[PDB]
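Asker: Opening piece of the complex, as it sits:
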Amino acid sequence: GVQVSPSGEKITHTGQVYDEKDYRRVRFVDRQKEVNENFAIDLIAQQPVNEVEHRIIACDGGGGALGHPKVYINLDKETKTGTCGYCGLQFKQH
Amino acid sequence: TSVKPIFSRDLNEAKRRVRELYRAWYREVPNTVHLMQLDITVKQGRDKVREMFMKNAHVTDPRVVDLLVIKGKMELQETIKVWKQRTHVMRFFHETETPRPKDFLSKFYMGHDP
Amino acid sequence: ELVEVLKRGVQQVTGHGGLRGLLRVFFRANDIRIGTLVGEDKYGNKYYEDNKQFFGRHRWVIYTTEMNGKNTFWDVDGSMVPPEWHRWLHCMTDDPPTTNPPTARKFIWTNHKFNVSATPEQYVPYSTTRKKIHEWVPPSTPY
């Protein structure tokens, strides 16, 4: 979530802030700093872990198309979860 | 080695073509500052012509000289016929830019200009 | 067949909220047509329809007099139309939200914003990438 810096500037989803001593803060004077308040890194964490009875699981994101390329993930390592490099979802072996 | 020529056999004929071109320019110059209301003086214009001529003095090849004559004639046409403008003619003096200082130190101090 | 025209005209005139509504309409939207109200959006705009007019005038909209703190009684923009009605008003569809509603998803804007080309809440660009080269800082005590 956007949390403000000493100077009074909102931080972005990639930690960008004009140093308090920076002259580039002028462009915001009498204006605003466009920032997105929905952080994917948190919205995906809010999602739960899927469970499957198979040690290998295919992910596409939803619709066959409208999703992403079908990728296959392994679930032999009960220590952690199996994450998709496209959608961020994570699965377990039960 | 041996070549095929262009509009000349030797640098003497080439230079006399050049001198004819200089006659033409030198003579026409003031009509330009008259037609198009340039600020500069005819002395400045003529010094500029001399500078732009001596800029290509080391040249030796009759062909490389005939081509420069051709291009100068093209420019003189564009100028006597009012196709160029105040802008195109004043694009010779560079009134809106400082030159790269010809000093190792004046270069070093600001940038990597070698 | 001329008296029927005059009757259609008088009903087009009186088909609004009397003289006050008639003037309101005729002076904001220079038009006094009568159509069916398919719906109304959160921001107070109305969307009317009539399939007997020709393609391009068979659907239209009456904007709101206020949008996010702005007197829009005279100033009016096609940017006020939110997306769900934008898609039915530019005739990408034959079905409006009321019957074909959108997909309820979070991170979708609840409050629509119109063009802000000069308002104080406009867009100012900048670089989103952090500093690359970190410099050297010496200590605050000598030798």
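Answerer: Alright, I've got the coordinates. Numbers count the residues shown, from 1 in each chain, chains lettered A, B, ... in the order given.

Asker: and residue A:39, how far is that from chain C?
Answerer: 10 Å (Cβ to the nearest Cβ, to the nearest Å). C-betas here are computed from N, CA, C, even on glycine.

Asker: Surely that residue touches residue A:10?
Answerer: No - under the criterion of Cβ atoms under 8 Å, residue A:39 is not in contact with residue A:10, lying 12.0 Å apart.

Asker: Can you name the residue of chain A nearest chain C?
Answerer: Going by Cβ to the nearest Cβ, chain C is nearest to residue A:38 of chain A, at 4.4 Å.

Asker: again with chain B
Answerer: Chain B approaches chain C most closely through residue B:112 (16.5 Å), counting by Cβ to the nearest Cβ.

Asker: Quickly note the distance from the residue located most distally from the centre of chain A to residue B:61.
Answerer: For chain A, the largest distance from the centre (Cα atoms, centre = their mean) belongs to residue A:30, which lies 31.7 Å off. In this structure, residue A:30 and residue B:61 are 63 Å apart, going by Cβ to Cβ, to the nearest Å.

Asker: before we move on, what about residue B:71?
Answerer: The separation that residue B:71 has from residue B:61, given Cβ to Cβ, amounts to 15 Å.

Asker: Tell me which of those two has more neighbours.
Answerer: residue B:61 (14 against 10; other Cβ atoms under 10 Å in any protein chain shown).

Asker: Correct me if wrong: residue B:78 contacts residue B:89.
Answerer: No - using Cβ under 8 Å, residue B:78 makes no contact with residue B:89, being 9.7 Å away.

Asker: So which residue is dead centre in chain B?
Answerer: residue B:52 (3.2 Å).

Asker: which ones are touching that residue?
Answerer: residue B:92 (Cβ atoms under 8 Å, 6 or more residues apart in numbering or on different chains).

Asker: thinking in terms of the whole chain, how far from its middle is the host helix or strand of it?
Answerer: Secondary structure assignment for residue B:52, by DSSP states H and E: helix B:42-54. Between the centre of helix B:42-54 and the centre of its chain there are 8 Å (Cα atoms, centre = their mean, to the nearest Å).

Asker: Please export the C-alpha coordinates of the following helix or strand past it as PDB.
Answerer: Using DSSP H and E, the helix or strand that follows helix B:42-54 towards the C-terminus is helix B:62-80. Presented in PDB, the C-alpha positions along helix B:62-80 are these (Å, rounded to 0.1, in the frame of the first residue of the first chain):
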ATOM      1  CA  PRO B  62      40.000  18.000 -60.600                       C
ATOM      2  CA  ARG B  63      37.000  15.800 -60.100                       C
ATOM      3  CA  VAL B  64      36.500  16.700 -56.500                       C
ATOM      4  CA  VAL B  65      36.800  20.300 -57.500                       C
ATOM      5  CA  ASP B  66      34.300  20.100 -60.400                       C
ATOM      6  CA  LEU B  67      31.800  18.500 -58.100                       C
ATOM      7  CA  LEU B  68      32.200  21.400 -55.600                       C
ATOM      8  CA  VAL B  69      31.800  23.800 -58.400                       C
ATOM      9  CA  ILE B  70      28.600  22.100 -59.400                       C
ATOM     10  CA  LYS B  71      27.200  22.200 -55.900                       C
ATOM     11  CA  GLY B  72      28.100  25.900 -55.500                       C
ATOM     12  CA  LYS B  73      26.300  26.600 -58.700                       C
ATOM     13  CA  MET B  74      23.200  24.800 -57.400                       C
ATOM     14  CA  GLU B  75      23.400  26.900 -54.300                       C
ATOM     15  CA  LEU B  76      23.800  30.100 -56.300                       C
ATOM     16  CA  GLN B  77      20.800  29.200 -58.400                       C
ATOM     17  CA  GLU B  78      18.700  28.500 -55.200                       C
ATOM     18  CA  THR B  79      19.800  31.900 -53.900                       C
ATOM     19  CA  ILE B  80      19.500  34.300 -56.900                       C
END
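
Asker: okay, chain D goes in next:
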Amino acid sequence: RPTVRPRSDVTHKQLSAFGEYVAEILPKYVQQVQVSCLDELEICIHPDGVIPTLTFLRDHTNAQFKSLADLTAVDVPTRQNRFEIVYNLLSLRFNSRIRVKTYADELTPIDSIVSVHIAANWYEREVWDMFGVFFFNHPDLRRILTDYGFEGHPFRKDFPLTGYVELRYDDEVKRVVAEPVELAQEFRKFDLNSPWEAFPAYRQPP
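Answerer: So that you can see how it sits with the rest, here is chain D on the chains above:
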């Protein structure tokens, strides 16, 4: 097959025969006749055969190559004669097309053919303005596409894409001044060519 292009040999035959025809009529001013897979006939010649060959092809009864579809130049800076010159010609009596090529460089001009085809009056000016190639016996030869004070031949391979100068209005002198080029986003040079050979038929020997 449905994905490949058909292939008629009658045209290859006709054009090879006409190549032999043209070359044995003009053994002088001729070299490197070639007809390609896609059935197009190129004839390479010496810069001294331009008007002879064009006139022959236009007037000769078997040829009647009247229309000058196009005139072009091409810069290959790895050969001493770097400016290829190309005339694309059309004949309606036969529904045929031909290509006549020659070569040139800097300081080594070509002969003009406005006497043969008057369309060239502007194509040759364009070549001079873009590639820097003079033509003999051209009435007017001057900048046609470029600005009036432009110094350079920009369709070469060594002239930079963005150029050397740049224009803007300055209130002090109240004109459109020229200056060096300072971009706010340098054009990016994408290196795409692949390391793996794609066509063996053109594999050069080492």
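
Asker: could you check the angle helix B:62-80 makes with the helix holding residue B:52?
Answerer: If you take axes from the mean of the first three to the mean of the last three Cα atoms, to 10 degrees, helix B:42-54 sits at 150 degrees to helix B:62-80.

Asker: And chain D, is helix B:42-54 touching that?
Answerer: No - judged by Cβ under 8 Å from any Cβ of the partner chain, helix B:42-54 makes no contact with chain D; its nearest approach is 11.0 Å.

Asker: in that helix, what's buried?
Answerer: B:45, B:49, B:53 (16 or more other Cβ atoms under 10 Å in any protein chain shown).

Asker: So which residues of chain A form helices?
Answerer: For chain A, helices defined by DSSP state H occupy the ranges A:40-43.

Asker: cool, and chain C?
Answerer: C:2-14, C:18-28, C:83-89.

Asker: Could you check the angle the first one makes with helix C:18-28?
Answerer: Just to be clear, that refers to helix C:2-14. Going by the same axes, to 10 degrees, helix C:2-14 makes 90 degrees with helix C:18-28.

Asker: where does helix C:2-14 sit relative to the chain's centre, distance-wise?
Answerer: For helix C:2-14, the distance to the chain centre is 31 Å (Cα atoms, centre = their mean).

Asker: Buried residues of that helix, list them for me.
Answerer: The neighbour-count check on helix C:2-14 (16+ other Cβ under 10 Å) flags nothing as buried.

Asker: Same question for stretch D:170-187.
Answerer: So for stretch D:170-187, counting by 16+ other Cβ under 10 Å, buried means D:175, D:177, D:178.

Asker: for the second one, helix, strand, or coil?
Answerer: Pointing back at residue D:177 there. With DSSP: H, G, I helix; E, B strand; the rest coil as the basis, residue D:177 sits in strand.

Asker: the strands in chain A, which residues?
Answerer: A:50-51, A:56-59, A:71-74, A:82-83, A:90-92 (DSSP state E).

Asker: Tell me the spatial nearest neighbour of residue B:41, not counting adjacent residues.
Answerer: Leaving out its chain neighbours, the residue that sits closest to residue B:41 by Cβ to Cβ, 6 or more residues apart in numbering or on different chains is residue B:33, at 7.7 Å.

Asker: I should have written residue B:97 there, sorry.
Answerer: Leaving aside its chain neighbours, residue B:97 sits nearest to residue D:179 (5.6 Å; criterion: Cβ to Cβ, 6+ apart).

Asker: what sits against the residue farthest from the centre of chain A?
Answerer: By Cβ under 8 Å, 6+ apart, the residues touching residue A:30 are residue C:120.

Asker: same structure, new chain, call it chain E:
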Amino acid sequence: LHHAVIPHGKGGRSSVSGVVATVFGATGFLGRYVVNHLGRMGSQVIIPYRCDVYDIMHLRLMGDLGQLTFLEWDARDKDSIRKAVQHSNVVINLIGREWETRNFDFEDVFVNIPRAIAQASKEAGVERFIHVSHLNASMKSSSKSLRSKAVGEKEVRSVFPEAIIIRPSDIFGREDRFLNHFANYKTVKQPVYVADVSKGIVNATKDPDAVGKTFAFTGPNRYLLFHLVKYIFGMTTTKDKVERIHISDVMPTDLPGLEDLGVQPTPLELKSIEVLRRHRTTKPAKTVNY
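Answerer: So, slotting chain E in with the rest:
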């Protein structure tokens, strides 16, 4: 130093010059050149305005994309000057009227507003302040304008000791109130060109040997008012204006001049022709010294 200031580039429109300048008085006649000289080398330029947005459009094209920042202000409104002086290294003041309105007297203009500007600059933490005045600035002056100028210079130095005062003489260019004022229809003048003045100021904006000093920017030559007005008429209503007109130009002694910033005088005998051809439908003036 902050990496956002390191002057990267080649001295051009799309370069960086490390100069962040808040300029008051840009809607006028000398700012129109100061801002150009600042921006055509890659400087950031904050411009406060009180005019309507139409009268400030001749300045949007003289600087690269994003370097110009136009905001609004009001001299009587404080906290509209912090906005503009903050985020800056240099402040330039060019304000000044040739007459008095209702709300704004010479006192206000030349004493009270510059003082607050310099106060806010010092508060913020900027490192250079440049103020422009008249060559004949003196308390003993028929015109009260010059009185106020010579008072405001001290009122500034009392808050910004390291400031930089610049006293040019009657300035001549296009849209100037001197040659056009004369041609509308005992005293020696040495006028100067806006180009020279702006070059001097923009050079001082970086030059390190200019702080806590003064400069008398005067032309190369001098002329008798009569010879000069006759030259005008050959090439072709305010009491205080006429008073400033009927005063000769001082010859300031050993004061750091124009050629000490690097600039060189541009004689009026070269730009009069371009300034005056507008007022149409010759030999030069004999330069003299008293």
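
Asker: The contacts of residue A:30 again, this time with chain E added?
Answerer: By Cβ under 8 Å, 6+ apart, the residues touching residue A:30 are C:120, E:71, E:72, E:83.

Asker: Buried ones among those?
Answerer: Counted by 16+ other Cβ under 10 Å, the contacts of residue A:30 give E:71, E:83 as buried.

Asker: Among the contacts of residue A:30, which ones lie close to chain A?
Answerer: Applying Cβ under 8 Å from any Cβ to these, those adjacent to chain A are C:120, E:71, E:72, E:83.

Asker: Just these: which are in helices?
Answerer: Per DSSP H, the subset of these in helices is residue E:83.

Asker: For residue E:280, state which of the ones next to chain A among the contacts of residue A:30 is nearest.
Answerer: Nearest to residue E:280 among these, counting by Cβ to Cβ, is residue E:72 at 39.7 Å.

Asker: which bits of chain B sit near chain E?
Answerer: So chain B meets chain E at B:37, B:39, B:96, B:97, B:98, B:110, B:111, B:113 (Cβ under 8 Å from any Cβ).

Asker: which one of these is nearest chain A?
Answerer: Closest to chain A, out of all of the residues of chain B next to chain E and judged by Cβ to the nearest Cβ, is residue B:110, at 20.2 Å.

Asker: End to end on stretch D:186-204, go ahead and measure it.
Answerer: 35 Å (Cα to Cα, to the nearest Å).

Asker: what's that stretch in contact with?
Answerer: Here stretch D:186-204 makes contact (Cβ under 8 Å, 6+ apart) with D:161, D:162.

Asker: Contacts for the one helix or strand residue E:197 maps to, please.
Answerer: Here residue E:197, judged by DSSP H and E, is contained in helix E:194-204. For helix E:194-204, the external contacting residues (Cβ under 8 Å, 6+ apart) are D:172, E:29-30, E:33-34, E:36-38, E:41, E:92, E:130, E:132, E:164, E:166, E:168, E:171-173, E:176, E:210, E:215, E:217, E:258, E:261-266.

Asker: got the residues of chain D near chain E?
Answerer: Chain D comes close to chain E at residues D:168, D:169, D:170, D:171, D:172, D:174, D:179, D:180, D:182, D:183, D:184, as judged by Cβ under 8 Å from any Cβ.

Asker: would you turn those into JSON lines with secondary structure?
Answerer: Output for those, formatted as JSON lines (three-state DSSP):
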{"residue": "D:168", "secondary structure": "strand"}
{"residue": "D:169", "secondary structure": "strand"}
{"residue": "D:170", "secondary structure": "strand"}
{"residue": "D:171", "secondary structure": "coil"}
{"residue": "D:172", "secondary structure": "coil"}
{"residue": "D:174", "secondary structure": "coil"}
{"residue": "D:179", "secondary structure": "strand"}
{"residue": "D:180", "secondary structure": "strand"}
{"residue": "D:182", "secondary structure": "coil"}
{"residue": "D:183", "secondary structure": "coil"}
{"residue": "D:184", "secondary structure": "coil"}
